[PDB]
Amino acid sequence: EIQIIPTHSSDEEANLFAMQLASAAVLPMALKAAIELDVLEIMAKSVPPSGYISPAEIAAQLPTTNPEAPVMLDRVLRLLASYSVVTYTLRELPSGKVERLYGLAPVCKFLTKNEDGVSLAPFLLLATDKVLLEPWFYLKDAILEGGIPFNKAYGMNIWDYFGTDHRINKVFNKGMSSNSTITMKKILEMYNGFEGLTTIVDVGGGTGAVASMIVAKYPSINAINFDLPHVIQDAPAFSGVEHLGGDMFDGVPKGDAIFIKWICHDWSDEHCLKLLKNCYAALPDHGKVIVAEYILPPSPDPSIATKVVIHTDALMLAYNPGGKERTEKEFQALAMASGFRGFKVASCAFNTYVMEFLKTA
């Protein structure tokens, strides 16, 4: 709490932060272009001995003959580098002009395929898709009028819309599947709560990536992946997973445990309660709901981990019917209100906490 006295110097920084904010979208939009160009994968596969590659040497590997591609790439990569998305090194030219060569930064491990063929890049392409930008033009309308920005832009809710637009359905389902594969692989290394179950139901389990992973690790479990019919239609037929289409607000398939990852955050308290009562009803006396969600931090602190949660809260506001992020006590109160007697935070990976709503304490 030392007080900063306003000066020329502090005004310069305040004015420039306002300008940075004004044009902040250039970052995710330039990163989206780089990933669609396969630039980061090119960098990963052809980084010379040194580990730094020129924009011309990148552009050489693209399907282009545009002679401006190298300078255009340099300009994109310079932006990325300023934000530590790639690294750089400088080398002096014959002219005494200085050129930049670029390398992978640490974050690139999650923006290029790992050994399992997976990354967050498909998640980025989801979040920056033209479809999911459009609701942001209706956010002020939703605050004033009530309702949901997405539904103002499209005339229907997000799921119904994905049911009409095959391109974005596939982008969405793949963004979620890849992200969830990375998180769940880490969850499964640490969390033991699937052990001993004979049946699990992944409610809102998407194309079934998670369900497949749980059965791969526990071949004695019966796994049901449950989602909307337009998602189930082109879920891979993973062995040991039964895909079932339906609407979870109507009810859910019976199992020993029900897994819900990134389901509660999509829905209002009232919708969650209805879903969680349906879950309680589909479980045996001793069963549980396994809830995988972020947890809101105590304050809007500046950490990246906090910002991810808060960013996601803002995504939920733009996209979903009452969806929001919640604190640990908020999740506990949803558990209690839907009849569950026990609550615990069992595990965490990449911000995603694994909570158990226990029918019996």
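Just count from 1 along the sequence shown to find any residue number.
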TODO: Averaging only over Cα atoms, indicate whether 342 to 350 or 18 to 26 has the higher B-factor in the PDB entry.
DONE: 342 to 350
Task: Per the entry, higher mean C-alpha B factor between 238 to 246 and 202 to 210 - done: 238 to 246
Open item on the list: Quiz for you: based on the deposited Cα B-factor, which of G103, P135, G196, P106 is highest?
Closed with: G196
Open item on the list: So if I compare the CA B-factors in the entry for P302, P55, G51, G323, which one is the largest?
Closed with: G51
Open item on the list: Using only modelled residues of the chain, where does the Cα B factor of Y83 rank: lowest third, middle third or highest third?
Closed with: lowest
Open item on the list: Using only modelled residues of the chain, where does the Cα B factor of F259 rank: lowest third, middle third or highest third?
Closed with: lowest
TODO: Would you mind ranking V131 by its C-alpha B-factor against the rest of the chain and naming the third, lowest, middle or highest?
DONE: middle
Task: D266 by Cα B-factor - lowest, middle or highest third of the modelled chain - done: lowest
Open item on the list: What third of the chain does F150 rank in for C-alpha temperature factor, lowest, middle or highest?
Closed with: lowest
